[PDB]
Amino acid sequence: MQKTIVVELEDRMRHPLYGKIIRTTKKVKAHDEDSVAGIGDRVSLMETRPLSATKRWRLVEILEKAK
Amino acid sequence: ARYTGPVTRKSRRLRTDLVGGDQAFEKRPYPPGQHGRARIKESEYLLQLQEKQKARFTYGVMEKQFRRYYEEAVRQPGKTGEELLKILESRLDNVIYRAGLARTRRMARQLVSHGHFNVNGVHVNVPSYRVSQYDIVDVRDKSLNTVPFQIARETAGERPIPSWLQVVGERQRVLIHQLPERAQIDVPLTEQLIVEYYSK
Amino acid sequence: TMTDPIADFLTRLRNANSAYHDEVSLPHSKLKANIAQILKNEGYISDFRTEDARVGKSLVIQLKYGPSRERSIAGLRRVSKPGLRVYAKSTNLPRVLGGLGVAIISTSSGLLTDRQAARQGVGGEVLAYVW
Amino acid sequence: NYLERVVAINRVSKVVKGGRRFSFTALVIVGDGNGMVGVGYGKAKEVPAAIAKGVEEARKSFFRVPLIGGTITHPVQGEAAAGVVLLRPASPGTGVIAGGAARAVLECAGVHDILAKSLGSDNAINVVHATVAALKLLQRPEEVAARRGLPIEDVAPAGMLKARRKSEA
Amino acid sequence: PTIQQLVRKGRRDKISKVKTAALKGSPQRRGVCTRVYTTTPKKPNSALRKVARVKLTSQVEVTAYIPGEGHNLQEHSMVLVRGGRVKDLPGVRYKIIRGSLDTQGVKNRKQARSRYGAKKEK
RNA sequence: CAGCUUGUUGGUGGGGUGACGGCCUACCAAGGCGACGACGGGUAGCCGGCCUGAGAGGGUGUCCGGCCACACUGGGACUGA
RNA sequence: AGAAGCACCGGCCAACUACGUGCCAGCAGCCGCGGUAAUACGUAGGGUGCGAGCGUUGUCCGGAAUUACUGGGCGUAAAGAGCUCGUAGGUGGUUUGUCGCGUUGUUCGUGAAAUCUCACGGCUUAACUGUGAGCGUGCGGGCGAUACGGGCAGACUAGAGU
RNA sequence: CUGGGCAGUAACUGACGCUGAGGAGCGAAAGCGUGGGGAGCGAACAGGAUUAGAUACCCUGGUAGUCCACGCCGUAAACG
RNA sequence: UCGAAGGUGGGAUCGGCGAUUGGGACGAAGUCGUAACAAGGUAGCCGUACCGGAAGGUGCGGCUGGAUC
RNA sequence: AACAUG
Ligand SMILES: [Mg+2]
Ligand SMILES: [Mg+2]
Ligand SMILES: [Mg+2]
Ligand SMILES: [Mg+2]
Ligand SMILES: [Mg+2]
Ligand SMILES: [Mg+2]
Ligand SMILES: [Mg+2]
Ligand SMILES: [Mg+2]
Ligand SMILES: [Mg+2]
Ligand SMILES: [Mg+2]
Ligand SMILES: [Mg+2]
Ligand SMILES: [Mg+2]
Ligand SMILES: [Mg+2]
Ligand SMILES: [Mg+2]
Ligand SMILES: [Mg+2]
Ligand SMILES: [Mg+2]
Ligand SMILES: [Mg+2]
Ligand SMILES: [Mg+2]
Ligand SMILES: [Mg+2]
Ligand SMILES: [Mg+2]
Ligand SMILES: [Mg+2]
Ligand SMILES: [Mg+2]
Ligand SMILES: [Mg+2]
Ligand SMILES: [Mg+2]
Ligand SMILES: [Mg+2]
Ligand SMILES: [Mg+2]
Ligand SMILES: [Mg+2]
Ligand SMILES: [Mg+2]
Ligand SMILES: [Mg+2]
Ligand SMILES: [Mg+2]
Ligand SMILES: [Mg+2]
Ligand SMILES: [Mg+2]
Ligand SMILES: [Mg+2]
Ligand SMILES: [Mg+2]
Ligand SMILES: [Mg+2]
Ligand SMILES: [Mg+2]
Ligand SMILES: [Mg+2]
Ligand SMILES: [Mg+2]
Ligand SMILES: [Mg+2]
Ligand SMILES: [Mg+2]
Ligand SMILES: [Mg+2]
Ligand SMILES: [Mg+2]
Ligand SMILES: [Mg+2]
Ligand SMILES: [Mg+2]
Ligand SMILES: [Mg+2]
Ligand SMILES: [Mg+2]
Ligand SMILES: [Mg+2]
Ligand SMILES: [Mg+2]
Ligand SMILES: [Mg+2]
Ligand SMILES: [Mg+2]
Ligand SMILES: [Mg+2]
Ligand SMILES: [Mg+2]
Ligand SMILES: [Mg+2]
Ligand SMILES: [Mg+2]
Ligand SMILES: [Mg+2]
């Protein structure tokens, strides 16, 4: 996506009525100042001002890239 | 509203003499009317209902007013039958009855309603005024040298005075020591069947 | 397969308490062994020991009965299943037979009871009831 | 001198070659009023004869009910055939909040502060057996310390120990 | 059943019908009351029931029952219709309020007299 | 109701605004979203609260208080903090 | 002295007899009552429940554990797919170390006012109203704990497979 | 030609497991398509009897079908 | 350039009416048989085929929730 | 063989 990365975040939280911990996943967009990120790739993010219609995040650094 | 009807009739139906001393009762202790001498089915609801009626026609309290007394009695700590009979014993017309200033309950209600009393120097005319601890219950200077207030000057002995209040000499005034707990309450009625009535 | 070995641990104790067996053996883990220490300190079982199997180890519990054939353990219930975990805070810990039972609480300070976690002011995962 | 309540009197029927032969059953609760209660069914051709076999049956089947001084010691849930009765202790200002079948079992046993709810079938005979089944599940604080080998001060909560001190001094 | 099934598919409360339609929110609803006639009840319990086919301002045509003995409804009397069902009449879910727009109250009532419509005494 | 999406999703240079931004424009890339319900259809101002209930829940949004939307219907700008 | 009425009385569910009517007239929330001795229809007397109100209809929750998290079921009452393979998903044996996301402790910030609970005050009392404290179950920031769940880095052979 | 199971040895791998919404495959008998084959049996149909009638049961015949090759069908009190 | 309202066009989608016709529920003392419940007078039910005023009959496979000597 | 109905 040409200086843009897509990151699948995930977070777990109780069900309000039943109490089971439900795991869900999001898909946010982020900005690569240089296009170095591929499929896999644990990445750390930080949220910013609006950079496009959908980009709200920036790539900080890559820790333990795609094995 | 008040009841303003026959008084022996609702002591015969409830099978309990609610006023103090009655020769019309104990000639007929069975319920009134034309089917009075029956041997009736004693329902569990009947034992709870007629127990609640024994307190409404002792104290002279309507049903919506008696229910609001239950609303706070169940909501205060302690018990529920203790605190319901406490706040019924704290009403001003009952305090005048316990002090000996009136022969019956209904004449205790008019002497409060007609404004013959004060409490803290304040002219009151509401019969369900609830006195608190340390409340003086004074009496109007106009109401001295009056027939029903001086006919109760010499009759200060035939009924006992409870421990929680106190009457004094010719300056008639009533001092509340504390709120009455249980033991100095006159008992024609049990106090648990009223509590079980409002759970239905 | 084998999910939840702690619920197996309590079901083995029920199925022999109900059958008046004197002892039970079962595969050993350090969570089953620490639950056996809470059951001994609260007087529900008598002494337990660790034998040795082919592989791993083996936990052996001596059950306790009265002079007459009285169950010294009344019930056993697993609370925090693996399909639904149950956690409690120190202000609203559970309470078994109005306090006549014992809830096994897994706090960060080890395994505790209700009365050991209430006066230390901690909560955790509510493992079991015994009563 | 005892407390007695008849819970239900139904008329049962048997069919013969001539017609229908009727009979009466009369479930009766007989209790001490203090700590003991008994349940007896009893049945006969006439209602007072069916009651009297129930009273004599209920007096030969007493059992002791553990109390604290007005209420039961811990919540229990009893199981008859398909009657489910949940018993639950209460503060001393409470009366006996209970249905009409379980009320007779608890008032004859001398209970004053109870919460009861019947959760299964509505048959008066099986609600009474499920209330009896829950009263057997109750067990004393001094008996749960002999069962565990501890003292009483560390098996019972302190809030109900003081209700033993206040109840008789 | 199995908490993960309740996460995926919850509990759905069962469906009850609108137990008094053709009033549509109103407690009472007036109508024009054509076709005053008389119907028989079901298999037991036989009599001559006095009903009417009233066209409401809910724009519906319903059969309504006339309580009390004797009335004065012909073809175009304004009636006030309430709810209330009659067990032995199968298609009848509405009663006519007596002491209303055109329905005179029941004559010679001295008991209960507030149903069926009647002043005390003159 | 199972395929929706072409200024659509991202980039660059300009424009624009009080301000970030496909907000607009040209060009380049070919993406974005969806069975964790996209796109449709039906209904609804949301909330502090209110009613009920042992609680958990279920129903509701009326007075009063908060925020929002509109001002015959539809569209538009002007002035001005 | 100027000031009481309304409903109900077969069962649930407090409160019963007489006359009139005769499957008629009517009643009824349900079971049902009425066909010549009707405690159920109509009136009367008597009674009960309430009271400046008392009924009725509509609407919501309760009872209803009849959507069941608290708190249900599926051999025969309604309910195990005809049977298997497998995708997403949910769940996962024993053990060492570590992280501190879940979880748990504490503290700060916030969760307006009213309403609600509690305790005092004021309206002659009450409703109403003033103050104080709870509550506001949460969320964010900081600092502790590491048993359990999870992540990461290895070990193991009992499960599984060869 | 080919699939699964059980027991023993404990040689090897080191949690590689269980379940599985959707989906997919298999799935008695009847039936459908094309092409064969057709002894016996036997829906339909026909006659005979029985009966108030007998569109049935019982009797005499008898077509599809039952068989095979290749596809479709996807249902059963497919049940323990 | 954009642009409301209007015009033209082909579809989508939700309702009402409709000669005639399909079943469904319920009405009383209607008409014609007797299929099920007893071995219900040919054990009954299930799937499927063909046939018959009507229930039903027959074939093929299945089940016992039948087999009474 | 045989036998419907209320
Ligand atoms: Mg017996
Ligand atoms: Mg059961
Ligand atoms: Mg039931
Ligand atoms: Mg462009
Ligand atoms: Mg850019
Ligand atoms: Mg720019
Ligand atoms: Mg740009
Ligand atoms: Mg709207
Ligand atoms: Mg409830
Ligand atoms: Mg508003
Ligand atoms: Mg308004
Ligand atoms: Mg206008
Ligand atoms: Mg300007
Ligand atoms: Mg009665
Ligand atoms: Mg008569
Ligand atoms: Mg009457
Ligand atoms: Mg009033
Ligand atoms: Mg209503
Ligand atoms: Mg309801
Ligand atoms: Mg519910
Ligand atoms: Mg059920
Ligand atoms: Mg099952
Ligand atoms: Mg069956
Ligand atoms: Mg079934
Ligand atoms: Mg099966
Ligand atoms: Mg099937
Ligand atoms: Mg998987
Ligand atoms: Mg594990
Ligand atoms: Mg996992
Ligand atoms: Mg506040
Ligand atoms: Mg106050
Ligand atoms: Mg005051
Ligand atoms: Mg206030
Ligand atoms: Mg914090
Ligand atoms: Mg092996
Ligand atoms: Mg190895
Ligand atoms: Mg599978
Ligand atoms: Mg499937
Ligand atoms: Mg196939
Ligand atoms: Mg075939
Ligand atoms: Mg063929
Ligand atoms: Mg051929
Ligand atoms: Mg023929
Ligand atoms: Mg033949
Ligand atoms: Mg053909
Ligand atoms: Mg072949
Ligand atoms: Mg088979
Ligand atoms: Mg038509
Ligand atoms: Mg037959
Ligand atoms: Mg047949
Ligand atoms: Mg025959
Ligand atoms: Mg037959
Ligand atoms: Mg044939
Ligand atoms: Mg067939
Ligand atoms: Mg066959």
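We use all heavy atoms of the structure for the numbers below, so side chains are in, but hydrogens, waters and symmetry mates are not. Every chain is numbered from 1 and lettered A, B, ... according to where its sequence line falls, protein lines coming before strand lines.
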**Sugar-phosphate, base or nothing in reach of C/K30, heavy atoms under 4.0 Å** = sugar-phosphate
**Prompt:** Base, sugar-phosphate, or nothing: which does C/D4 touch, judged by heavy atoms less than 4.0 Å apart?
**Reply:** nothing
**Request:** Flag the pair E/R49 / E/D88 as yes when at least one side-chain heavy-atom distance between them is below 4.5 Å, and no otherwise.
**Result:** yes
**Prompt:** Distance under 6.0 Å and angle within 45° of the ring axis: does B/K200 meet both against B/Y45?
**Reply:** no
**Item:** Sugar-phosphate, base or nothing in reach of C/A53, heavy atoms under 4.0 Å
**Value:** nothing
**Asked** Which part of the nucleic acid, if any, lies within reach of E/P67 when heavy atoms closer than 4.0 Å are counted: base, sugar-phosphate only, or nothing?
**Response** sugar-phosphate
**Item:** Within 45° cone and under 6.0 Å: B/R56 NZ/CZ vs B/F66 ring
**Value:** no
**Inter-nucleotide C1' distance (H/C73, I/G27), Å rounded** = 45 Å
**Asked** Now, which nucleotide makes the Watson-Crick or G-U wobble pair with F/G16, with each of the two distances under 3.5 Å?
**Response** none
**Request:** Look only at the side chain of B/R37 and the backbone of B/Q34, and say whether a donor-acceptor pair between them is shorter than 3.5 Å.
**Result:** no
**Request:** Could you tell me the separation between the CE atom of A/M1 and the P atom of F/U12, rounded to a whole number of Å?
**Result:** 13 Å
**Message:** From CD of E/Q5 over to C1' of H/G20, roughly how many Å is that when rounded to an integer?
**Reply:** 11 Å
**D/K117 NZ to F/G53 P, straight-line distance once rounded to whole Å** = 13 Å
**Message:** Counting the atoms with a prime plus P, OP1 and OP2 as sugar-phosphate, which does E/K50 contact under 4.0 Å by heavy atoms, base, sugar-phosphate, or nothing?
**Reply:** sugar-phosphate
**Request:** Just call it for E/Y116: base, sugar-phosphate, or nothing, with non-hydrogen atoms closer than 4.0 Å on any strand.
**Result:** sugar-phosphate
**Item:** Same-atom distance (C1') from G/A65 to G/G73, integer angstrom
**Value:** 11 Å
**Message:** Counting only Watson-Crick pairs (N1-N3 plus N6-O4 or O6-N4) and G-U wobbles (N1-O2, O6-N3), all under 3.5 Å, who is the partner of G/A78?
**Reply:** none
**Item:** Residues in side chain to side chain donor-acceptor pair (under 3.5 Å) contact with A/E64, at least two apart in sequence or another chain
**Value:** A/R42
**Message:** Please classify the nucleic acid contact of E/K24 as base, sugar-phosphate, or nothing, using heavy-atom distances under 4.0 Å.
**Reply:** nothing
**Message:** Under 4.0 Å, heavy atoms only, any strand: does B/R9 hit a base, just the sugar-phosphate, or nothing?
**Reply:** sugar-phosphate
**Asked** Watson-Crick or G-U wobble, both distances under 3.5 Å: is that what G/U124 and G/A4 have going on?
**Response** no
**Message:** When both hydrogen-bonding distances must be under 3.5 Å and the geometry is Watson-Crick or G-U wobble, what is G/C118 paired with, if anything?
**Reply:** G/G132
**Message:** Within the 4.0 Å heavy-atom criterion, would you say E/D88 contacts the bases, only the backbone, or no part of the nucleic acid?
**Reply:** base
**Asked** Watson-Crick or G-U wobble partner for F/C64, using a 3.5 Å limit on both distances?
**Response** F/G48
**Asked** Can you tell me the Watson-Crick or wobble partner of G/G138, both distances under 3.5 angstrom?
**Response** G/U110
**Asked** Taking CG from E/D13 and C1' from F/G57, how many angstroms apart are they, rounded to a whole number?
**Response** 11 Å
**Asked** Is the glycosidic torsion of G/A64 within 90° of 0, making it syn, or is it anti?
**Response** syn
**Prompt:** E/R49 near the nucleic acid: base, sugar-phosphate alone, or nothing, with a heavy-atom cut-off under 4.0 Å?
**Reply:** base
**Message:** Check B/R68 with B/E71, please: is the shortest side-chain N to carboxylate O separation under 4.0 Å?
**Reply:** no
**Fill in**
Here the distance between atom P of F/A30 and atom NZ of A/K3, to the nearest Å, is 17 Å
**Request:** Would you mind reading off the distance between A/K55 atom NZ and F/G21 atom P, rounded to a whole angstrom?
**Result:** 11 Å
**Asked** CZ of B/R75 versus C1' of F/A54: gap in Å, rounded?
**Response** 17 Å
**Item:** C1' spacing across the pair I/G52 / H/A46, given as an integer number of angstrom
**Value:** 16 Å
**Prompt:** Does any nucleotide pair with G/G159 by Watson-Crick or G-U wobble geometry, both distances under 3.5 Å, and what is it?
**Reply:** H/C16
**Asked** Taking the side chain as C-beta and beyond, is there a heavy-atom pair between E/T103 and E/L80 under 4.5 Å?
**Response** no
**Request:** For A/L51, answer base if it contacts any base atom (sugar-phosphate contacts may also be present), sugar-phosphate if it contacts only those atoms, and nothing otherwise; contact means non-hydrogen atoms under 4.0 Å.
**Result:** sugar-phosphate
**Item:** Cation-pi, B/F57 ring and B/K10 (6.0 angstrom, 45 degrees)
**Value:** yes
**Contact interval (first through last nucleotide) of RNA chain G with protein chain C, 4.0 Å heavy-atom** = G/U91 to G/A158
**Request:** Would you mind classifying the nucleic acid contact of E/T2 as base, sugar-phosphate or nothing, using non-hydrogen atoms under 4.0 angstrom?
**Result:** nothing
**Prompt:** I/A54 and I/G33: how far apart are their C1' atoms, nearest whole angstrom?
**Reply:** 8 Å
**Message:** I'd like the P distance from G/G154 over to H/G14, given in whole Å.
**Reply:** 13 Å
**Request:** Classify the side chain of C/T1 and the base of H/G17 as holding, or not holding, a donor-acceptor pair under 3.5 Å.
**Result:** yes
**Prompt:** Rounded to the Å, how far apart are A/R56 CZ and F/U9 P?
**Reply:** 11 Å
**Request:** Can you tell me the pairing partner of G/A7 across any strand shown, Watson-Crick or G-U wobble, with both distances under 3.5 angstrom?
**Result:** G/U48
**Item:** Distance between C1' atoms of G/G92 and G/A78 (Å, rounded)
**Value:** 35 Å
**Asked** Who is the Watson-Crick or G-U wobble partner of G/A65, with both distances under 3.5 Å?
**Response** none
**Message:** Under the rule for side chain to side chain donor-acceptor pair (under 3.5 Å), what residues qualify as partners of A/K55, not counting sequence neighbours?
**Reply:** A/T4, A/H31
**Message:** Quick check: do B/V119 and B/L92 have side-chain heavy atoms less than 4.5 Å from each other?
**Reply:** yes
**Message:** Can you give me the dot-bracket string for RNA chain I, 5' to 3', counting Watson-Crick and G-U wobble pairs with both distances under 3.5 Å, using [ ] for crossing pairs and | for partners on another strand?
**Reply:** ..........................................(((((((((....)))))))))|....
**Asked** In terms of side-chain heavy atoms, does C/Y87 have a donor or acceptor partner in A/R14 at a distance below 3.5 Å?
**Response** no
**Asked** Is there a side-chain contact between C/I6 and C/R78 (heavy atoms, below 4.5 Å)?
**Response** yes
**Asked** Can you find a side chain N or O atom of A/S52 that sits less than 4.0 Å from OP1 or OP2 on F/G10?
**Response** yes
**Request:** Can you tell me which residue pairs pass the side-chain hydrogen bond (donor to acceptor under 3.5 Å, both in side chains) test with a partner in residues 118-127 of chain C, sequence neighbours excluded?
**Result:** C/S80-C/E125, C/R85-C/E125
**Prompt:** Stacked, yes or no: I/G23 with I/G24, six-ring centres under 5.5 Å, planes under 30°?
**Reply:** yes
**Request:** Take atom P in H/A7 and the same atom in G/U162, then report the distance between them in whole Å.
**Result:** 14 Å
**Request:** For E/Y65, answer base if it contacts any base atom (sugar-phosphate contacts may also be present), sugar-phosphate if it contacts only those atoms, and nothing otherwise; contact means non-hydrogen atoms under 4.0 Å.
**Result:** sugar-phosphate
**Message:** By the 4.0 Å heavy-atom rule, please label B/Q53 as base, sugar-phosphate, or nothing.
**Reply:** sugar-phosphate
Show me the donor-acceptor pairs, under 3.5 Å and distance only, between side chains in residues 125-133 of chain B and residues at least two apart or in other chains.
{"from": "B/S128", "atom 1": "OG", "to": "B/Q65", "atom 2": "NE2", "distance (Å)": "3.4"}
{"from": "B/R130", "atom 1": "NH1", "to": "B/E72", "atom 2": "OE2", "distance (Å)": "2.6"}

